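The block underneath contains the structure these notes are about, expressed in structure tokens.
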Amino acid sequence: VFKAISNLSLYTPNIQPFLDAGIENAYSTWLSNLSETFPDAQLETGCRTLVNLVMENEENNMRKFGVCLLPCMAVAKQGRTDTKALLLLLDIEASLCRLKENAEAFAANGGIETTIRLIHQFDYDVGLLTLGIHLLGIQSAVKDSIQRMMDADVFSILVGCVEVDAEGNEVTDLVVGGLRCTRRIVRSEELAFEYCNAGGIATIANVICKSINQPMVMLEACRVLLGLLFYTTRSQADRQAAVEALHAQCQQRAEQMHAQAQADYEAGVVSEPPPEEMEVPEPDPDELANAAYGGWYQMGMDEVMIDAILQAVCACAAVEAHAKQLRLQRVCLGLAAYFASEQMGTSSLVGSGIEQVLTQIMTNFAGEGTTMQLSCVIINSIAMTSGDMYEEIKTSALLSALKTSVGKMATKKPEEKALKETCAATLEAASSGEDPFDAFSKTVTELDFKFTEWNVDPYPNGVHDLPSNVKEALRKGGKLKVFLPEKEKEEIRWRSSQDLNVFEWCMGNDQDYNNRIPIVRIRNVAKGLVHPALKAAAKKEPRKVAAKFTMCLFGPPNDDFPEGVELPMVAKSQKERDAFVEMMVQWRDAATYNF
């Protein structure tokens, strides 16, 4: 029975007649009357046909099927020692939770606590862990939910699940989802420290350091860090008033003591004469660091960590394949500008080639306002820090790019003419033969975080907001080898439709692309040996089928695949394998902002 419904509903119009007959109430009654002794094999079957009924569902259906939300949650709370059904139950919780009124019933009945509990139990299953994250990310928009997640220690999950190393075989959808869900939950200084208190700083630092050749992970990590720095950094002005107050304590103290030292000597109770003049009293350096330094110090970041972060940021921003990934360049320059403006990591910036990073951005994106602010803040702050490192970055290529870029800036609207004047002041002080310390004395050396767009959702219009080169490359496509379930290594050519809505592909020697998957239904794209057709091609060909060459693309069910289409594949290189996963990440991401 269950399988008939699933093959019938495979033709999407057939869902409406199932709803006319009341399928949603049948499922509820079936789910709410299960006994834990009910075989999990058929619970698995039923739930897989239920996610098929809500898979290609938008709005009105999510409201009627909502009557199954709570019944599903009951089965998820029941002691399910397996993970096969558990996935499906959270998958239809996530689908149902697309609709706001369900996500609210889900929070109002313990879903947050149940989900966090289930994640911990089964966090060895990244698929269930990834769906748990997605469920939670949704709750970042529900009222009281951020605080319900804090009470249940959600950051233990978010800190633990974004682990990466140097081999480039991360579980991408988990690391990216984790970083994004973190950025979305951190919306307050308090919340930022709780993430720090859970281990977030060390986690984030290592992510950045290992993602020189993982742009998608780099981008989301730097966005998480930029927001932490934003909520925990007071103005340069408030902190300066704090430092002078501290110095006024010490001065007033060193004077009281110097006056007892004079009285005691003149009175004859001590023998040491006091000094002709006081010694300048230095404040306790720990009290002075707390007053003086920005949110980086309040969170426990130290010189060696920052030097390594900014070295990686600079390395990543200068990979040739990254020069025109503006969203990534913006956040790289943002961290470089933040630490430059707070006089940290300056030597790492200049030593890791900040100059060539600034020169290319101003050349490949001449005129653009955000990169020009951040870039100018870097130039200004570096010029005021050291006349020697400033000279290192002040070069013909940089000034020629600065001149050309300052002139290409907008001038129509009044807000734009203000921005151009600030960059213009940087170009002027550079060209002046007067000392940099005086030339740049009246230019801005403090970061406005809005120019980093760290919290700005991309793709407001959808897939056709993708950068042109990503669209051109998605359409370009590529060739791979697919290790079909029960067949030999077969050639495969893929390609995005002109539509950018369809993952087309031909196989073997075919040249018409008759196999098609709508990009929104591509559930996951995973790196490594995650399919038996790849684990078995490894034992039989270990050097050509290694984890750095392989991947698998999971999609919607099909007449061939009753449980879901899966394409285990292998590339000629890791760079080809990583590039594939990289486009797929942006493509699917941008598709979620359609209609």
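In the structure tokens, the first chain shown is A, the next is B, and so on; residue numbers restart at 1 for each chain, and ligands run from 1 in the order shown.
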
Exercise for the section: Pick out the residues sitting within 9 Å of stretch 278-282 of chain A, and hand them over as a PyMOL selection string; count only C-alpha atoms, and ignore anything fewer than 2 positions along from it in its own chain. Expected result: chain A and resi 247+250-251+253-255+258+274-276+284-285

Excluding stretch 210-221 of chain A and its own-chain neighbours fewer than 5 positions away, which residues fall within 8 Å of it when counting only C-alpha atoms? Please give them as a compact mmCIF listing (two decimals) with C-alpha atoms, in the first residue's frame.
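out-v2.txt written:
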```txt
# COMPACT_ATOMS: atom_id res chain seq x y z
CA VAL A 164 37.85 20.62 9.19
CA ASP A 165 41.45 19.58 8.56
CA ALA A 166 44.01 20.05 5.77
CA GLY A 168 39.97 18.93 1.95
CA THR A 172 30.52 20.40 3.15
CA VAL A 175 30.19 22.62 7.87
CA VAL A 176 28.46 25.28 5.75
CA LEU A 179 28.58 28.06 10.17
CA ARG A 180 25.46 29.69 8.72
CA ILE A 204 36.48 29.34 13.96
CA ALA A 312 45.22 32.47 5.64
CA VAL A 313 42.78 35.24 4.69
CA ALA A 315 46.46 33.40 1.01
CA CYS A 316 42.83 32.64 0.18
CA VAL A 319 44.25 32.15 -5.14
CA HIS A 322 39.27 33.47 -6.08
CA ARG A 327 31.61 38.11 -1.77
CA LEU A 328 34.70 36.26 -0.52
CA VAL A 331 34.97 39.44 3.90
CA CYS A 332 38.71 38.78 3.54
CA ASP A 578 36.35 20.50 -5.06
CA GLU A 582 31.81 24.50 -4.90
CA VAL A 585 26.88 24.80 -3.06
```

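Computed from the coordinates, the atom CA of residue A:354 to atom CA of residue A:445 distance equals 16.5 Å.
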
Exercise for the section: Please identify all polymer residues within 10 Å of residue A:240, counting only C-alpha atoms, omitting same-chain residues fewer than 6 positions from it, and present them as number ranges by chain. Expected result: A: 246, 291-293

Using C-alpha atoms, can you write the selected residues to a file as a PDB file, in the first residue's frame?
```pdb
ATOM      1  CA  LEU A 246      43.083  54.161  33.927  1.00  0.00           C
ATOM      2  CA  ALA A 291      40.205  48.876  28.593  1.00  0.00           C
ATOM      3  CA  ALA A 292      42.119  49.446  25.351  1.00  0.00           C
ATOM      4  CA  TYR A 293      41.458  46.456  23.099  1.00  0.00           C
TER       5      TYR A 293
END
```

Practice task
Provide the atom CA of residue A:149 to atom CA of residue A:128 distance in Å, to one decimal place.
Solution key: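 According to the coordinates, atom CA of residue A:149 and atom CA of residue A:128 are separated by 18.0 Å.
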
Practice task
Choose the residue, out of A:361, A:136, A:480, A:243, that has the smallest atom-to-atom separation from residue A:320; count only C-alpha atoms.
Solution key: A:361

Problem - Those of stretch 342-487 of chain A in DSSP alpha helix (DSSP H), formatted as a ChimeraX atom specification - result: /A:346-351,354-364,369-385,387-393,396-407,414-431,436-439,468-476

Exercise for the section: Extract, using only C-alpha atoms, all DNA, RNA and protein residues at most 12 Å from residue A:382, discarding same-chain residues fewer than 4 positions from it, and format them as a PyMOL selection string. Expected result: chain A and resi 336-350+354-355+375-378+386-394+426+430+436-437+440-441+443-446

Atoms kept (C-alpha atoms) for selection, written as a short mmCIF file (atom, residue, chain, number, x, y, z; two decimals), in the first residue's frame:
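Once written, selection-v2.cif looks like this:
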```cif
data_model
loop_
_atom_site.label_atom_id
_atom_site.label_comp_id
_atom_site.auth_asym_id
_atom_site.auth_seq_id
_atom_site.Cartn_x
_atom_site.Cartn_y
_atom_site.Cartn_z
CA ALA A 336 42.17 42.59 7.20
CA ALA A 337 40.66 46.05 7.67
CA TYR A 338 39.36 45.33 11.18
CA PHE A 339 42.70 44.13 12.53
CA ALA A 340 44.65 46.74 10.58
CA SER A 341 42.47 49.48 12.08
CA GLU A 342 42.93 48.11 15.63
CA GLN A 343 46.70 47.83 15.00
CA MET A 344 46.94 44.04 15.12
CA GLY A 345 48.35 41.50 12.67
CA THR A 346 49.75 44.37 10.60
CA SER A 347 53.02 42.52 10.00
CA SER A 348 51.14 39.39 8.93
CA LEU A 349 49.10 41.40 6.42
CA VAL A 350 52.13 43.02 4.79
CA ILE A 354 48.23 42.40 1.43
CA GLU A 355 49.54 44.69 -1.33
CA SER A 375 40.83 48.74 1.18
CA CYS A 376 41.32 52.41 2.06
CA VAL A 377 40.88 51.65 5.77
CA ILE A 378 43.68 49.10 5.40
CA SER A 386 54.68 51.91 10.41
CA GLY A 387 56.35 54.05 7.76
CA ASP A 388 58.39 50.98 6.76
CA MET A 389 55.64 48.44 6.11
CA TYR A 390 53.65 51.26 4.55
CA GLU A 391 56.49 51.70 2.06
CA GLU A 392 56.38 47.96 1.34
CA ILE A 393 52.73 48.14 0.23
CA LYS A 394 52.98 51.60 -1.41
CA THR A 426 43.26 58.26 1.01
CA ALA A 430 49.29 58.69 -0.31
CA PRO A 436 52.44 59.46 6.14
CA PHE A 437 51.86 60.06 9.87
CA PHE A 440 46.81 60.23 6.64
CA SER A 441 46.19 62.00 9.95
CA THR A 443 41.47 59.86 7.25
CA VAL A 444 39.36 57.11 8.78
CA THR A 445 41.24 54.31 10.55
CA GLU A 446 38.22 52.55 12.06
#
```

Handout entry: Using only C-alpha atoms: which of A:90, A:50, A:192, A:105 has the shortest distance to residue A:232
Key = A:192

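Considering the residues A:308, A:427, A:321, A:525 and counting only C-alpha atoms, residue A:372 has its shortest atom-to-atom contact with A:427.
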